[PDB]
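So the sequence lines, in the order shown, correspond to chains B and A. Residue numbers for the first sequence, in the authors' numbering: 589 to 770, 792 to 1147. Counting in the authors' numbering, the second sequence runs from 902 upward without gaps. Using N, Cα and C, we set each Cβ at its ideal position, and we do this for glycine too.
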Amino acid sequence: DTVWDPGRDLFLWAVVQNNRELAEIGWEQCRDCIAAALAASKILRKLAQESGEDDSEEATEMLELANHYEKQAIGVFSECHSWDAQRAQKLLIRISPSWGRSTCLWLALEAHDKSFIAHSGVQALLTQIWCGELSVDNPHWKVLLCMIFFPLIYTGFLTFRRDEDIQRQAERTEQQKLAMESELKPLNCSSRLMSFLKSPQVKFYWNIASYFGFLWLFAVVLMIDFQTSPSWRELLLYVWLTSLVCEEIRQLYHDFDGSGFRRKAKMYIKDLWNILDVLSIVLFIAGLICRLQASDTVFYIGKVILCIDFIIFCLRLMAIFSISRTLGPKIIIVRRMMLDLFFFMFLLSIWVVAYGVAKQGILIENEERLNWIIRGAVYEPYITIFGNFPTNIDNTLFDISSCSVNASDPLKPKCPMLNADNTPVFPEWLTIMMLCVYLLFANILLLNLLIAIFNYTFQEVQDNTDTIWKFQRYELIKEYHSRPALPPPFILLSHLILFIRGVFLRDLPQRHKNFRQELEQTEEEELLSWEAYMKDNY
Amino acid sequence: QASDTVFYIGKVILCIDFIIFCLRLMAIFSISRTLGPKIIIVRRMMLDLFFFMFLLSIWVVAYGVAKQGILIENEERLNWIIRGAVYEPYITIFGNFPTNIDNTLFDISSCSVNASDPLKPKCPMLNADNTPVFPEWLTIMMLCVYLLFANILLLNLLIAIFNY
């Protein structure tokens, strides 16, 4: 390892001391370019976010320089993409031996470069990867219908990359022959299908089908099949849950940056949507302990916890429907304004408690029943505000309250205090006027402010959305490419097969064999000379 | 065709087609400049509603299966399962909130028998006589959180799409 180029030594020495006029000379000397520019971007952003004490320097100069080298990298790549894209992707994938055998895409990905990853060629690369073996630009309706009937693929209803490239190559050859006048693999017949059943667009649909199947099975075990002893349906439930846990654990340790511990754990625990799986897998096991404990009263609470966890297992499907571009920026706007509602509800609750304590204090004597105090002080006003205003006026002296006794026990509040017989000493129209002022302040003045917050924020947030979704689009795609092909009911058998392959003591994976690529010698030399010529054009 | 039962369905299809013959008049009232760009805006945002309705329907099915699973034993009647699991929550969400609290132990449900047939659901399971073993205020609190998430958090997003 550690091959010698003179270029990166001078460039690195110029970069780490934050000197612009040396670095702009150094970059024109480097053999390969794009990897160097993105590497300098990552070095400077790490060095800025670590220092934090010399506020002026790190706050201005290093971030300006890092954004500048980001702009240089985008410019060089967009100049290479206009020429001939089919070598541009190989430029984007390859291992660069100069910078420590890391690739180029990973450097841009790690360094939080939102602007380089939104460039059109890299999005086309990700779409061509996620799209699998079957060629892109084929509409989803056809794809799902081909998933419905398996031999329609062998008949041919969706186009393929191999045959399109063969036809394009034959057309180019015919064009060259016609201009004169006046390499590419052939297509397989049987393995067509087995190659179709590995693209991630297929596995996402089979996994979402198995996820609806899990919801069906859990509902039919929870409502109908529950008993004090386990059935076969509940055993199928058990094993299918543990299969989901096992596939999550095996997709931890087989990712890239696999060497070492807790880095991917620190990556995973950071964000909000992982909390749901982390809660639910624990609470399910708590339910199984309580379920198997086999007691008189505990069995009830064990059913209770599991009925609570079904809400969570239903709730994490909405994050799965974040993938689509149409529903992508919708959820983040709902996520953004969650915080204000609790403080707003608190502000309203102060007002309703005040109204209730006043109302019950005015025309009612000291009542010894604390449950009647709370039910007529917080509850009845909180139930008043949402009813309709002609329905809300429910005010007479004597309908159901009883008070000759201290507190008729069977659900009777204390009567209002009376001066004349069947007459309130307090005028009823004072109650009417007070209730009108109260509900007038409640409806129009509070909730319309609450509404008014959301519309302005929604209008304001529109401009910056396009990028973060693309970054998350990569954050999704890499998972399913490292998942076994079988649906999750059988992921246990493939996990066992993977472990039995693993204990064989032989390990030469094709794991990410379309992410990390190592070139031959002459292809690399001609490629680097090509891109250096493109930089000198730029 | 002049049959016993087909004549009914033949009247049915024609009564369906009258909706369509009434529906194509709105496209005729696209000619005027005042009503011209109005219809295209309605036409543009049709697609999102189905996905939004699906997202809401997941939440209501979850709530219903939880609610009927908690305080009711295994019921053999599949029609009662679907009517108390999908329908009663889907009818709950559009009623008014004081009207929505319709919760007592014993009004119309009958369960000494496996399933009184004439439109009677199974009774909630009881510990004491005429008392739910499950506290009623837990049902109240759960329903408050449920309708709080249903009203303000979903449909205002649905509204917010159209204005922008």
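Check	Outcome
Closer than 7 Å at the beta carbon, the chain B residues around A/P999	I992, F995 and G996
Distance between B/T1074 and B/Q716 (C-alpha atoms, nearest Å)	23 Å
Boundaries of the alpha helix (DSSP H) in which B/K630 is found, first to last residue	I622 to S639
Nearest residue (CA-CA) to B/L802, options B/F748, B/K912, B/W1038 and B/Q763	B/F748
4-residue-minimum alpha helix (DSSP H) runs that sit fully inside the stretch 649 to 688 of chain B, ordered along the chain	651 to 671 and 673 to 681
Residue range of the alpha helix (DSSP H) that includes B/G709	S708 to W718
Classification of A/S931 by the beta-carbon crowding that lies within 10 angstroms, buried from 16 upward	exposed
Local conformation of A/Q902 per DSSP, three classes	coil
One or two residues paired with B/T1040 in a DSSP bridge	None; B/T1040 has no bridge partner.
Contact list for A/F1063 against chain B, beta-carbon separation under 8 Å	Neighbours of A/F1063 on chain B: none; closest Cβ ~11 Å, over 8 Å.
Pairwise C-alpha distance: B/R596 and B/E616	11 Å
Within the stretch 928 to 965 of chain A, ranges of the alpha helix (DSSP H) (whole runs, at least 4 residues)	937 to 945
Bridge-paired residues (DSSP) for B/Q1126	B/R682
Any C-beta of chain A under 9 Å from that of B/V907	no
Cβ of A/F952 within 9 Å of any chain B Cβ	yes
Local Cβ density within 10 Å of B/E658, reported as buried at 16 or more and exposed below that	buried
Straight-line Cα distance separating B/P1025 from B/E974	8 Å
Below-9 Å beta-carbon distance, A/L1027 vs any chain B residue	no
Reduced DSSP secondary structure (H/G/I, E/B, other) of B/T691	strand
4 or more residues per run - each alpha helix (DSSP H) lying fully within the stretch 996 to 1062 of chain B	998 to 1001
DSSP-derived helix/strand/coil call for B/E721	coil
Selection from B/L1105, B/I817, B/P1097 and B/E1037 that minimises the alpha carbon distance to B/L846	B/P1097
Supposed contact pair B/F827 and B/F919 - C-beta distance, whole angstroms, cut 8 Å	6 Å
Cβ-Cβ separation, B/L626 to B/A661 (assumed contact under 8 Å), whole Å	5 Å
CB contact check: residue 873 of chain A to chain B, cutoff 9 Å	Outside the modelled stretch of chain A, which goes from 902 to 1065, sits residue 873 of chain A, for which no answer is possible.
Candidates B/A986, B/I982, B/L948 and B/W718: closest to B/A963 by CA position	B/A986
Under 8 Å from the C-beta of A/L1058: neighbouring residues of chain B	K939, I942 and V943
Cutoff 9 Å: A/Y964 Cβ touching any chain B Cβ	yes
CB contact flag (B/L632, B/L598, <9 Å)	no
Cβ-Cβ distance between B/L861 and B/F1124 below 9 Å	no
Chain B contact for A/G970 (CB, 9 Å cutoff)	yes
Span separating the alpha-carbon of B/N1028 from that of B/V1034	5 Å
Buried versus exposed call for B/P1022 [16 or more other C-beta atoms within 10 Å across all chains shown]	buried
Buried versus exposed, by CB contacts within 10 Å (16 or more), B/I622	buried
is_contact[B/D834, chain A] using C-beta, thresh 9 Å	yes
Chain-ordered residues of the stretch 825 to 859 of chain B with a beta carbon less than 8 Å from chain D	Absent from the structure: chain D. Protein chains present are B and A.
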